[PDB]
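This is work-v3.csv. It holds CSV, N, CA, C and O atoms and all ligand atoms.
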```csv
chain,number,residue,atom,x,y,z
A,1,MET,N,130.8,-110.7,145.7
A,1,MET,CA,130.0,-111.9,146.0
A,1,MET,C,130.7,-113.1,145.4
A,1,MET,O,131.1,-113.1,144.2
A,2,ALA,N,130.9,-114.1,146.2
A,2,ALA,CA,131.5,-115.4,145.8
A,2,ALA,C,130.6,-116.1,144.8
A,2,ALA,O,129.6,-116.6,145.1
A,3,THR,N,131.1,-116.0,143.6
A,3,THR,CA,130.4,-116.7,142.5
A,3,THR,C,131.0,-118.0,142.2
A,3,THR,O,132.0,-118.1,141.5
A,4,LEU,N,130.6,-119.1,142.9
A,4,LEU,CA,131.2,-120.4,142.8
A,4,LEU,C,130.8,-120.9,141.4
A,4,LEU,O,129.7,-121.0,141.0
A,5,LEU,N,131.9,-121.3,140.7
A,5,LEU,CA,131.7,-121.9,139.4
A,5,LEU,C,131.3,-123.3,139.4
A,5,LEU,O,131.6,-124.1,140.4
A,6,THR,N,130.7,-123.8,138.3
A,6,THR,CA,130.2,-125.1,138.2
A,6,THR,C,131.3,-126.0,137.6
A,6,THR,O,132.4,-125.5,137.2
A,7,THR,N,131.0,-127.3,137.5
A,7,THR,CA,132.0,-128.2,137.0
A,7,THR,C,131.9,-128.2,135.4
A,7,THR,O,132.9,-128.7,134.7
A,8,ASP,N,130.9,-127.6,134.9
A,8,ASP,CA,130.7,-127.5,133.4
A,8,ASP,C,131.7,-126.5,132.8
A,8,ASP,O,132.4,-126.8,131.8
A,9,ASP,N,131.8,-125.4,133.5
A,9,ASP,CA,132.6,-124.3,133.1
A,9,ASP,C,134.1,-124.8,133.2
A,9,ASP,O,134.9,-124.7,132.2
A,10,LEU,N,134.4,-125.4,134.3
A,10,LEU,CA,135.8,-126.0,134.5
A,10,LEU,C,136.2,-127.0,133.4
A,10,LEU,O,137.3,-126.9,132.9
A,11,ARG,N,135.2,-127.9,133.1
A,11,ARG,CA,135.4,-128.8,132.0
A,11,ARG,C,135.8,-128.1,130.7
A,11,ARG,O,136.7,-128.5,130.0
A,12,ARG,N,135.0,-127.1,130.3
A,12,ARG,CA,135.2,-126.4,129.1
A,12,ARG,C,136.5,-125.6,129.0
A,12,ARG,O,137.2,-125.7,128.1
A,13,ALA,N,136.8,-125.0,130.1
A,13,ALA,CA,138.0,-124.2,130.2
A,13,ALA,C,139.3,-125.1,130.2
A,13,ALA,O,140.4,-124.6,129.7
A,14,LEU,N,139.2,-126.3,130.6
A,14,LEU,CA,140.3,-127.3,130.5
A,14,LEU,C,140.6,-127.7,129.1
A,14,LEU,O,141.7,-128.0,128.8
A,15,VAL,N,139.6,-127.5,128.3
A,15,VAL,CA,139.7,-127.9,126.8
A,15,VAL,C,140.4,-126.7,126.1
A,15,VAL,O,141.3,-127.0,125.3
A,16,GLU,N,140.1,-125.5,126.5
A,16,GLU,CA,140.6,-124.3,125.8
A,16,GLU,C,142.2,-124.2,125.9
A,16,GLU,O,142.8,-123.5,125.1
A,17,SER,N,142.8,-124.9,126.8
A,17,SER,CA,144.2,-124.9,127.0
A,17,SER,C,145.0,-125.8,126.1
A,17,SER,O,146.2,-125.8,126.1
A,18,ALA,N,144.3,-126.7,125.4
A,18,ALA,CA,144.9,-127.6,124.5
A,18,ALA,C,144.8,-127.2,123.0
A,18,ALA,O,145.7,-126.6,122.4
A,19,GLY,N,143.7,-127.5,122.4
A,19,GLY,CA,143.4,-127.2,121.0
A,19,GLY,C,142.2,-127.8,120.5
A,19,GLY,O,141.1,-127.3,120.7
A,20,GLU,N,142.3,-129.0,119.8
A,20,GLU,CA,141.2,-129.6,119.2
A,20,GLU,C,141.5,-131.1,119.0
A,20,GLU,O,141.0,-132.0,119.8
A,21,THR,N,142.3,-131.4,118.1
A,21,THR,CA,142.7,-132.8,117.7
A,21,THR,C,143.9,-133.2,118.5
A,21,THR,O,144.9,-133.8,117.9
A,22,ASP,N,143.9,-133.0,119.7
A,22,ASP,CA,145.0,-133.2,120.6
A,22,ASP,C,144.6,-133.4,122.0
A,22,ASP,O,145.4,-133.6,123.0
A,23,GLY,N,143.3,-133.5,122.2
A,23,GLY,CA,142.7,-133.7,123.6
A,23,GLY,C,141.8,-134.9,123.6
A,23,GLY,O,141.5,-135.5,122.5
A,24,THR,N,141.3,-135.3,124.8
A,24,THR,CA,140.4,-136.4,124.9
A,24,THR,C,139.0,-135.9,125.1
A,24,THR,O,138.7,-134.7,125.1
A,25,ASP,N,138.1,-136.8,125.4
A,25,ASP,CA,136.7,-136.4,125.6
A,25,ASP,C,136.5,-136.3,127.1
A,25,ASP,O,136.4,-137.3,127.8
A,26,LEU,N,136.4,-135.1,127.6
A,26,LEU,CA,136.1,-134.9,129.0
A,26,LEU,C,134.6,-135.1,129.2
A,26,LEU,O,133.8,-134.1,129.0
A,27,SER,N,134.2,-136.3,129.3
A,27,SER,CA,132.8,-136.6,129.5
A,27,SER,C,132.8,-137.8,130.5
A,27,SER,O,133.8,-138.5,130.7
A,28,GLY,N,131.6,-138.0,131.1
A,28,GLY,CA,131.5,-139.1,132.1
A,28,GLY,C,132.0,-138.5,133.4
A,28,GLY,O,131.2,-138.1,134.3
A,29,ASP,N,133.3,-138.5,133.6
A,29,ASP,CA,133.9,-138.0,134.8
A,29,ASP,C,135.3,-137.6,134.5
A,29,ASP,O,135.9,-138.1,133.6
A,30,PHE,N,135.8,-136.6,135.2
A,30,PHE,CA,137.1,-136.2,135.1
A,30,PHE,C,137.6,-135.7,136.5
A,30,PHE,O,138.6,-135.2,136.7
A,31,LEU,N,136.7,-135.9,137.5
A,31,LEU,CA,137.0,-135.4,138.8
A,31,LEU,C,137.8,-136.3,139.7
A,31,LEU,O,138.6,-135.9,140.5
A,32,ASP,N,137.6,-137.6,139.5
A,32,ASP,CA,138.3,-138.6,140.4
A,32,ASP,C,139.5,-139.2,139.7
A,32,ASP,O,140.2,-140.1,140.2
A,33,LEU,N,139.8,-138.6,138.6
A,33,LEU,CA,141.0,-139.0,137.8
A,33,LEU,C,142.2,-138.0,138.0
A,33,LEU,O,141.9,-136.9,138.5
A,34,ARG,N,143.4,-138.3,137.6
A,34,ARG,CA,144.5,-137.5,137.8
A,34,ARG,C,144.9,-136.6,136.6
A,34,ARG,O,144.4,-136.8,135.6
A,35,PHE,N,145.7,-135.6,136.8
A,35,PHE,CA,146.1,-134.7,135.7
A,35,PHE,C,147.1,-135.4,134.8
A,35,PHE,O,147.0,-135.3,133.6
A,36,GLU,N,148.0,-136.1,135.4
A,36,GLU,CA,149.0,-137.0,134.7
A,36,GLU,C,148.3,-138.0,133.8
A,36,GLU,O,148.6,-138.4,132.7
A,37,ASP,N,147.1,-138.4,134.3
A,37,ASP,CA,146.2,-139.4,133.8
A,37,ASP,C,145.5,-138.9,132.5
A,37,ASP,O,145.2,-139.7,131.6
A,38,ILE,N,145.4,-137.6,132.4
A,38,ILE,CA,144.7,-137.0,131.3
A,38,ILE,C,145.7,-136.2,130.4
A,38,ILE,O,145.2,-135.4,129.5
A,39,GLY,N,146.9,-136.5,130.5
A,39,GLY,CA,147.9,-135.9,129.7
A,39,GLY,C,148.2,-134.4,129.9
A,39,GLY,O,148.4,-133.6,129.0
A,40,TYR,N,148.0,-134.0,131.2
A,40,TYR,CA,148.3,-132.6,131.6
A,40,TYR,C,149.5,-132.6,132.6
A,40,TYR,O,149.5,-133.4,133.5
A,41,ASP,N,150.5,-131.8,132.3
A,41,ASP,CA,151.7,-131.7,133.2
A,41,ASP,C,151.4,-130.8,134.3
A,41,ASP,O,150.8,-131.1,135.4
A,42,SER,N,151.8,-129.5,134.1
A,42,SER,CA,151.7,-128.5,135.1
A,42,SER,C,151.5,-127.2,134.3
A,42,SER,O,150.6,-126.4,134.6
A,43,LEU,N,152.4,-127.0,133.3
A,43,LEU,CA,152.4,-125.8,132.4
A,43,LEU,C,151.1,-125.6,131.8
A,43,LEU,O,150.5,-124.5,132.0
A,44,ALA,N,150.6,-126.6,131.0
A,44,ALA,CA,149.3,-126.5,130.3
A,44,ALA,C,148.2,-126.4,131.3
A,44,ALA,O,147.1,-126.0,131.0
A,45,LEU,N,148.4,-126.9,132.5
A,45,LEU,CA,147.5,-126.9,133.6
A,45,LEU,C,147.3,-125.5,134.2
A,45,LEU,O,146.2,-125.1,134.5
A,46,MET,N,148.5,-124.8,134.4
A,46,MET,CA,148.4,-123.5,135.0
A,46,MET,C,147.7,-122.5,134.0
A,46,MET,O,147.1,-121.6,134.5
A,47,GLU,N,147.8,-122.8,132.7
A,47,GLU,CA,147.1,-122.0,131.7
A,47,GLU,C,145.6,-122.1,132.0
A,47,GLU,O,144.9,-121.1,132.0
A,48,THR,N,145.1,-123.3,132.3
A,48,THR,CA,143.7,-123.5,132.7
A,48,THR,C,143.4,-122.8,134.0
A,48,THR,O,142.3,-122.2,134.1
A,49,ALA,N,144.2,-122.9,135.0
A,49,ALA,CA,144.1,-122.2,136.2
A,49,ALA,C,143.9,-120.7,136.0
A,49,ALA,O,142.9,-120.1,136.5
A,50,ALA,N,144.9,-120.1,135.3
A,50,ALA,CA,144.9,-118.6,135.1
A,50,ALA,C,143.7,-118.1,134.3
A,50,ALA,O,143.3,-117.0,134.4
A,51,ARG,N,143.2,-119.0,133.5
A,51,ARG,CA,142.0,-118.8,132.7
A,51,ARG,C,140.8,-118.5,133.6
A,51,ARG,O,140.1,-117.5,133.5
A,52,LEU,N,140.7,-119.2,134.7
A,52,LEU,CA,139.7,-119.1,135.7
A,52,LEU,C,140.0,-117.9,136.7
A,52,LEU,O,139.1,-117.1,137.0
A,53,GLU,N,141.3,-117.9,137.1
A,53,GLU,CA,141.7,-116.8,138.1
A,53,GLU,C,141.4,-115.4,137.6
A,53,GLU,O,140.8,-114.6,138.3
A,54,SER,N,141.7,-115.1,136.3
A,54,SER,CA,141.5,-113.8,135.7
A,54,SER,C,140.1,-113.5,135.6
A,54,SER,O,139.6,-112.3,135.7
A,55,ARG,N,139.2,-114.5,135.3
A,55,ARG,CA,137.8,-114.3,135.1
A,55,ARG,C,137.1,-114.0,136.4
A,55,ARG,O,136.3,-113.1,136.5
A,56,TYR,N,137.4,-114.7,137.5
A,56,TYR,CA,136.7,-114.5,138.8
A,56,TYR,C,137.4,-113.5,139.7
A,56,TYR,O,136.9,-113.1,140.6
A,57,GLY,N,138.7,-113.3,139.3
A,57,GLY,CA,139.5,-112.3,140.1
A,57,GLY,C,140.1,-113.0,141.3
A,57,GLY,O,140.0,-112.5,142.4
A,58,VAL,N,140.7,-114.1,141.1
A,58,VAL,CA,141.3,-114.9,142.2
A,58,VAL,C,142.8,-115.0,142.0
A,58,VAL,O,143.4,-114.6,141.0
A,59,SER,N,143.5,-115.7,142.9
A,59,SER,CA,144.9,-116.0,142.8
A,59,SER,C,145.2,-117.3,143.5
A,59,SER,O,144.8,-117.5,144.7
A,60,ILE,N,145.7,-118.3,142.9
A,60,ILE,CA,146.1,-119.6,143.4
A,60,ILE,C,147.4,-119.5,144.2
A,60,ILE,O,148.4,-119.0,143.7
A,61,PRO,N,147.4,-120.0,145.5
A,61,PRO,CA,148.5,-120.1,146.3
A,61,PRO,C,149.5,-121.2,145.9
A,61,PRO,O,149.1,-122.3,145.5
A,62,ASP,N,150.8,-120.9,146.0
A,62,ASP,CA,151.9,-121.8,145.5
A,62,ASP,C,152.0,-123.2,146.2
A,62,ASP,O,151.9,-124.2,145.5
A,63,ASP,N,152.1,-123.2,147.6
A,63,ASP,CA,152.2,-124.5,148.3
A,63,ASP,C,151.0,-125.3,148.1
A,63,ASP,O,151.1,-126.6,148.0
A,64,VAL,N,149.9,-124.7,148.0
A,64,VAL,CA,148.6,-125.3,147.9
A,64,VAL,C,148.4,-126.0,146.5
A,64,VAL,O,147.6,-126.9,146.3
A,65,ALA,N,149.2,-125.6,145.5
A,65,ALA,CA,149.1,-126.1,144.2
A,65,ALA,C,149.6,-127.6,144.1
A,65,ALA,O,149.1,-128.4,143.3
A,66,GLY,N,150.4,-127.9,145.1
A,66,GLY,CA,150.9,-129.2,145.2
A,66,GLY,C,150.0,-130.1,146.0
A,66,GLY,O,150.3,-131.2,146.5
A,67,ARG,N,148.8,-129.7,146.3
A,67,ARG,CA,147.8,-130.4,147.1
A,67,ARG,C,146.6,-130.9,146.2
A,67,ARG,O,145.7,-131.5,146.7
A,68,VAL,N,146.7,-130.7,144.9
A,68,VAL,CA,145.6,-131.1,144.0
A,68,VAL,C,146.1,-132.2,143.1
A,68,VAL,O,146.9,-132.0,142.2
A,69,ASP,N,145.6,-133.4,143.4
A,69,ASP,CA,146.0,-134.5,142.5
A,69,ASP,C,144.9,-134.7,141.5
A,69,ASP,O,145.1,-135.1,140.4
A,70,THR,N,143.7,-134.4,142.0
A,70,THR,CA,142.5,-134.5,141.1
A,70,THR,C,141.8,-133.1,140.9
A,70,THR,O,141.9,-132.2,141.8
A,71,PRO,N,141.1,-133.0,139.8
A,71,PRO,CA,140.3,-131.7,139.5
A,71,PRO,C,139.3,-131.5,140.6
A,71,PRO,O,138.9,-130.3,140.8
A,72,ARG,N,138.9,-132.5,141.3
A,72,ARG,CA,137.9,-132.5,142.4
A,72,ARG,C,138.5,-131.5,143.4
A,72,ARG,O,137.8,-130.6,143.9
A,73,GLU,N,139.7,-131.7,143.8
A,73,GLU,CA,140.4,-130.9,144.8
A,73,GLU,C,140.7,-129.5,144.4
A,73,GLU,O,140.6,-128.6,145.2
A,74,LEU,N,140.9,-129.4,143.1
A,74,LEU,CA,141.2,-128.1,142.5
A,74,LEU,C,139.9,-127.2,142.6
A,74,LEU,O,140.0,-126.0,142.9
A,75,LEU,N,138.8,-127.8,142.3
A,75,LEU,CA,137.5,-127.1,142.4
A,75,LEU,C,137.2,-126.6,143.8
A,75,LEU,O,136.8,-125.5,144.0
A,76,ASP,N,137.5,-127.5,144.8
A,76,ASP,CA,137.3,-127.1,146.2
A,76,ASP,C,138.1,-125.9,146.6
A,76,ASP,O,137.6,-125.0,147.2
A,77,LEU,N,139.4,-126.0,146.1
A,77,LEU,CA,140.3,-124.9,146.3
A,77,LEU,C,139.8,-123.6,145.8
A,77,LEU,O,139.8,-122.6,146.6
A,78,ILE,N,139.3,-123.5,144.6
A,78,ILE,CA,138.9,-122.3,144.1
A,78,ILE,C,137.6,-121.8,144.7
A,78,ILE,O,137.4,-120.7,145.1
A,79,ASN,N,136.7,-122.8,144.9
A,79,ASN,CA,135.4,-122.5,145.5
A,79,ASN,C,135.6,-122.0,146.9
A,79,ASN,O,134.9,-121.0,147.3
A,80,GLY,N,136.5,-122.6,147.7
A,80,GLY,CA,136.7,-122.2,149.0
A,80,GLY,C,137.4,-120.8,149.1
A,80,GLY,O,137.1,-120.1,150.0
A,81,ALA,N,138.3,-120.6,148.2
A,81,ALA,CA,139.0,-119.3,148.2
A,81,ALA,C,138.1,-118.1,147.9
A,81,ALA,O,138.1,-117.1,148.5
A,82,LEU,N,137.1,-118.4,147.0
A,82,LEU,CA,136.0,-117.4,146.7
A,82,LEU,C,135.2,-117.1,147.9
A,82,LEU,O,134.9,-115.9,148.1
A,83,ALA,N,134.9,-118.1,148.7
A,83,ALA,CA,134.1,-117.9,149.9
A,83,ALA,C,134.8,-117.0,150.9
A,83,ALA,O,134.1,-116.4,151.7
A,84,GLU,N,136.1,-117.0,150.9
A,84,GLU,CA,136.8,-116.2,151.9
A,84,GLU,C,137.1,-114.8,151.3
A,84,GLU,O,137.5,-113.9,152.0
A,85,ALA,N,136.8,-114.6,150.0
A,85,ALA,CA,137.0,-113.3,149.3
A,85,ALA,C,135.8,-112.4,149.4
A,85,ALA,O,135.8,-111.2,149.2
A,86,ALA,N,134.6,-113.1,149.7
A,86,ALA,CA,133.3,-112.4,150.0
A,86,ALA,C,132.9,-111.5,148.8
A,86,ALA,O,132.6,-112.1,147.7
B,101,LIG,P1,155.5,-127.9,135.3
B,101,LIG,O1,156.3,-127.8,134.0
B,101,LIG,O2,156.0,-128.8,136.4
B,101,LIG,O3,155.3,-126.5,135.9
B,101,LIG,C1,154.7,-125.4,135.1
B,101,LIG,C2,155.5,-124.1,135.3
B,101,LIG,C3,154.7,-123.0,134.6
B,101,LIG,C4,155.6,-123.8,136.8
B,101,LIG,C5,156.9,-124.2,134.6
B,101,LIG,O4,157.8,-125.1,135.4
B,101,LIG,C6,157.7,-122.9,134.4
B,101,LIG,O5,158.2,-122.6,133.4
B,101,LIG,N1,157.7,-122.1,135.5
B,101,LIG,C7,158.3,-120.7,135.5
B,101,LIG,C8,157.9,-120.0,136.8
B,101,LIG,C9,156.4,-119.9,136.9
B,101,LIG,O6,155.7,-119.7,135.9
B,101,LIG,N2,155.9,-120.3,138.0
B,101,LIG,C10,154.4,-120.3,138.3
B,101,LIG,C11,154.1,-120.0,139.7
B,101,LIG,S1,155.0,-121.1,140.8
B,101,LIG,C12,154.5,-122.6,140.3
B,101,LIG,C13,154.0,-123.5,141.4
B,101,LIG,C14,153.5,-124.9,141.0
B,101,LIG,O7,154.2,-125.9,141.4
B,101,LIG,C15,152.3,-125.0,140.1
B,101,LIG,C16,152.3,-126.3,139.4
B,101,LIG,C17,151.0,-127.1,139.5
B,101,LIG,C18,149.8,-126.3,139.4
B,101,LIG,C19,148.5,-127.0,139.5
B,101,LIG,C20,148.5,-128.4,139.7
B,101,LIG,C21,149.7,-129.1,139.7
B,101,LIG,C22,150.9,-128.4,139.6
```
Could you render the structure from this file as structure tokens?
Amino acid sequence: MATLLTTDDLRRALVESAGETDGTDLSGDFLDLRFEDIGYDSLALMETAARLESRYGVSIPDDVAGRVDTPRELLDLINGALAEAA
């Protein structure tokens, strides 16, 4: 069953990939903002991705990783892939 995750869980899991006194306050919004904009490259970002992949049992496609500028689009990607996994 496709268990679509919420934006709350995503927010929290994005924090786990950094530490404590090295991150910003993910509050208000983080969906219409960029990853470069929040001090995330790719490496630390894939850690966040794998955090979710392993939990829901998914796998992120390679070409499609270059289609997410915003967390907004990343959420659609995972939500959509879940829907096709049934
Ligand atoms: P950054 O430093 O540009 O990239 C992080 C990775 C982990 C890819 C780093 O370059 C590295 O050491 N890679 C070794 C091979 C590896 O782990 N590959 C992972 C699968 S292939 C990566 C495809 C991507 O381009 C993913 C990058 C990404 C993901 C999500 C949003 C934006 C960019």
Check your understanding: Could you name the residues that touch residue 44 of chain A at 7 Å or less, counting only N, CA, C and O atoms, but leaving out those on the same chain fewer than 5 positions away, as a ChimeraX atom specification?
Key -> /A:13-14,17-18,49
Practice item. Have a look at atom O of residue 6 of chain A and atom CA of residue 63 of chain A and let me know their distance in Å, one decimal. Key: 22.7 Å
Set the cut-off to 12 Å, count only C-alpha atoms and all ligand atoms, and list whatever residues fall near ligand LIG 101 (chain B) as a JSON list (two decimals) with N, CA, C and O atoms, keeping the file's coordinate frame.
```json
[["chain", "number", "residue", "atom", "x", "y", "z"],
["A", 34, "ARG", "N", 143.40, -138.30, 137.60],
["A", 34, "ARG", "CA", 144.50, -137.50, 137.80],
["A", 34, "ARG", "C", 144.90, -136.60, 136.60],
["A", 34, "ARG", "O", 144.40, -136.80, 135.60],
["A", 35, "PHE", "N", 145.70, -135.60, 136.80],
["A", 35, "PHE", "CA", 146.10, -134.70, 135.70],
["A", 35, "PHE", "C", 147.10, -135.40, 134.80],
["A", 35, "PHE", "O", 147.00, -135.30, 133.60],
["A", 36, "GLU", "N", 148.00, -136.10, 135.40],
["A", 36, "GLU", "CA", 149.00, -137.00, 134.70],
["A", 36, "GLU", "C", 148.30, -138.00, 133.80],
["A", 36, "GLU", "O", 148.60, -138.40, 132.70],
["A", 40, "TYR", "N", 148.00, -134.00, 131.20],
["A", 40, "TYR", "CA", 148.30, -132.60, 131.60],
["A", 40, "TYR", "C", 149.50, -132.60, 132.60],
["A", 40, "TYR", "O", 149.50, -133.40, 133.50],
["A", 41, "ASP", "N", 150.50, -131.80, 132.30],
["A", 41, "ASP", "CA", 151.70, -131.70, 133.20],
["A", 41, "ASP", "C", 151.40, -130.80, 134.30],
["A", 41, "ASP", "O", 150.80, -131.10, 135.40],
["A", 42, "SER", "N", 151.80, -129.50, 134.10],
["A", 42, "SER", "CA", 151.70, -128.50, 135.10],
["A", 42, "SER", "C", 151.50, -127.20, 134.30],
["A", 42, "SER", "O", 150.60, -126.40, 134.60],
["A", 43, "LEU", "N", 152.40, -127.00, 133.30],
["A", 43, "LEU", "CA", 152.40, -125.80, 132.40],
["A", 43, "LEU", "C", 151.10, -125.60, 131.80],
["A", 43, "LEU", "O", 150.50, -124.50, 132.00],
["A", 44, "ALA", "N", 150.60, -126.60, 131.00],
["A", 44, "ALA", "CA", 149.30, -126.50, 130.30],
["A", 44, "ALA", "C", 148.20, -126.40, 131.30],
["A", 44, "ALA", "O", 147.10, -126.00, 131.00],
["A", 45, "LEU", "N", 148.40, -126.90, 132.50],
["A", 45, "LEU", "CA", 147.50, -126.90, 133.60],
["A", 45, "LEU", "C", 147.30, -125.50, 134.20],
["A", 45, "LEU", "O", 146.20, -125.10, 134.50],
["A", 46, "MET", "N", 148.50, -124.80, 134.40],
["A", 46, "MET", "CA", 148.40, -123.50, 135.00],
["A", 46, "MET", "C", 147.70, -122.50, 134.00],
["A", 46, "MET", "O", 147.10, -121.60, 134.50],
["A", 47, "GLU", "N", 147.80, -122.80, 132.70],
["A", 47, "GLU", "CA", 147.10, -122.00, 131.70],
["A", 47, "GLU", "C", 145.60, -122.10, 132.00],
["A", 47, "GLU", "O", 144.90, -121.10, 132.00],
["A", 48, "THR", "N", 145.10, -123.30, 132.30],
["A", 48, "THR", "CA", 143.70, -123.50, 132.70],
["A", 48, "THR", "C", 143.40, -122.80, 134.00],
["A", 48, "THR", "O", 142.30, -122.20, 134.10],
["A", 49, "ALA", "N", 144.20, -122.90, 135.00],
["A", 49, "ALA", "CA", 144.10, -122.20, 136.20],
["A", 49, "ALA", "C", 143.90, -120.70, 136.00],
["A", 49, "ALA", "O", 142.90, -120.10, 136.50],
["A", 50, "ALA", "N", 144.90, -120.10, 135.30],
["A", 50, "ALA", "CA", 144.90, -118.60, 135.10],
["A", 50, "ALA", "C", 143.70, -118.10, 134.30],
["A", 50, "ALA", "O", 143.30, -117.00, 134.40],
["A", 59, "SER", "N", 143.50, -115.70, 142.90],
["A", 59, "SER", "CA", 144.90, -116.00, 142.80],
["A", 59, "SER", "C", 145.20, -117.30, 143.50],
["A", 59, "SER", "O", 144.80, -117.50, 144.70],
["A", 60, "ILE", "N", 145.70, -118.30, 142.90],
["A", 60, "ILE", "CA", 146.10, -119.60, 143.40],
["A", 60, "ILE", "C", 147.40, -119.50, 144.20],
["A", 60, "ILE", "O", 148.40, -119.00, 143.70],
["A", 61, "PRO", "N", 147.40, -120.00, 145.50],
["A", 61, "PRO", "CA", 148.50, -120.10, 146.30],
["A", 61, "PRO", "C", 149.50, -121.20, 145.90],
["A", 61, "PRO", "O", 149.10, -122.30, 145.50],
["A", 62, "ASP", "N", 150.80, -120.90, 146.00],
["A", 62, "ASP", "CA", 151.90, -121.80, 145.50],
["A", 62, "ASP", "C", 152.00, -123.20, 146.20],
["A", 62, "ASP", "O", 151.90, -124.20, 145.50],
["A", 63, "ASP", "N", 152.10, -123.20, 147.60],
["A", 63, "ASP", "CA", 152.20, -124.50, 148.30],
["A", 63, "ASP", "C", 151.00, -125.30, 148.10],
["A", 63, "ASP", "O", 151.10, -126.60, 148.00],
["A", 64, "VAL", "N", 149.90, -124.70, 148.00],
["A", 64, "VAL", "CA", 148.60, -125.30, 147.90],
["A", 64, "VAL", "C", 148.40, -126.00, 146.50],
["A", 64, "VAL", "O", 147.60, -126.90, 146.30],
["A", 65, "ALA", "N", 149.20, -125.60, 145.50],
["A", 65, "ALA", "CA", 149.10, -126.10, 144.20],
["A", 65, "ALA", "C", 149.60, -127.60, 144.10],
["A", 65, "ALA", "O", 149.10, -128.40, 143.30],
["A", 66, "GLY", "N", 150.40, -127.90, 145.10],
["A", 66, "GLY", "CA", 150.90, -129.20, 145.20],
["A", 66, "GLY", "C", 150.00, -130.10, 146.00],
["A", 66, "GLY", "O", 150.30, -131.20, 146.50],
["A", 67, "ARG", "N", 148.80, -129.70, 146.30],
["A", 67, "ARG", "CA", 147.80, -130.40, 147.10],
["A", 67, "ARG", "C", 146.60, -130.90, 146.20],
["A", 67, "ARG", "O", 145.70, -131.50, 146.70],
["A", 68, "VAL", "N", 146.70, -130.70, 144.90],
["A", 68, "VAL", "CA", 145.60, -131.10, 144.00],
["A", 68, "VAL", "C", 146.10, -132.20, 143.10],
["A", 68, "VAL", "O", 146.90, -132.00, 142.20],
["A", 69, "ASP", "N", 145.60, -133.40, 143.40],
["A", 69, "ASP", "CA", 146.00, -134.50, 142.50],
["A", 69, "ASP", "C", 144.90, -134.70, 141.50],
["A", 69, "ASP", "O", 145.10, -135.10, 140.40],
["A", 70, "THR", "N", 143.70, -134.40, 142.00],
["A", 70, "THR", "CA", 142.50, -134.50, 141.10],
["A", 70, "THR", "C", 141.80, -133.10, 140.90],
["A", 70, "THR", "O", 141.90, -132.20, 141.80],
["A", 71, "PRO", "N", 141.10, -133.00, 139.80],
["A", 71, "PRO", "CA", 140.30, -131.70, 139.50],
["A", 71, "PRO", "C", 139.30, -131.50, 140.60],
["A", 71, "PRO", "O", 138.90, -130.30, 140.80],
["A", 72, "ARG", "N", 138.90, -132.50, 141.30],
["A", 72, "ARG", "CA", 137.90, -132.50, 142.40],
["A", 72, "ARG", "C", 138.50, -131.50, 143.40],
["A", 72, "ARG", "O", 137.80, -130.60, 143.90],
["A", 73, "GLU", "N", 139.70, -131.70, 143.80],
["A", 73, "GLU", "CA", 140.40, -130.90, 144.80],
["A", 73, "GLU", "C", 140.70, -129.50, 144.40],
["A", 73, "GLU", "O", 140.60, -128.60, 145.20],
["A", 74, "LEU", "N", 140.90, -129.40, 143.10],
["A", 74, "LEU", "CA", 141.20, -128.10, 142.50],
["A", 74, "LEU", "C", 139.90, -127.20, 142.60],
["A", 74, "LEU", "O", 140.00, -126.00, 142.90],
["A", 75, "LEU", "N", 138.80, -127.80, 142.30],
["A", 75, "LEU", "CA", 137.50, -127.10, 142.40],
["A", 75, "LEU", "C", 137.20, -126.60, 143.80],
["A", 75, "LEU", "O", 136.80, -125.50, 144.00],
["A", 77, "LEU", "N", 139.40, -126.00, 146.10],
["A", 77, "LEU", "CA", 140.30, -124.90, 146.30],
["A", 77, "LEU", "C", 139.80, -123.60, 145.80],
["A", 77, "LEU", "O", 139.80, -122.60, 146.60],
["A", 78, "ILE", "N", 139.30, -123.50, 144.60],
["A", 78, "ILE", "CA", 138.90, -122.30, 144.10],
["A", 78, "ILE", "C", 137.60, -121.80, 144.70],
["A", 78, "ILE", "O", 137.40, -120.70, 145.10]]
```
Practice item. State, in Å with one decimal place, the distance from atom N of residue 9 of chain A to atom O of residue 33 of chain A. Key: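 Atom O of residue 33 of chain A lies at a distance of 16.1 Å from atom N of residue 9 of chain A.
Of the residues under consideration (A:86, A:76, A:32, A:26), A:26 shows the shortest atom-to-atom contact distance to residue 12 of chain A when counting all atoms listed in the file.
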Point to revise | For atom N of residue 54 of chain A and atom O of residue 3 of chain A, the interatomic separation in Å (one decimal) | key: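 About the pair atom N of residue 54 of chain A and atom O of residue 3 of chain A: they are 11.4 Å apart.
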Exercise for review: Go through A:27, A:57, A:8, A:38 and flag the residue nearest residue 85 of chain A, using only N, CA, C and O atoms for the distances.
Suggested key: A:57
Exercise for review: Pick out each residue of chain A that DSSP on the backbone tags as helix (DSSP H, G or I); I need them as a PyMOL selection string.
Suggested key: chain A and resi 7-16+36-38+43-56+63-67+71-85
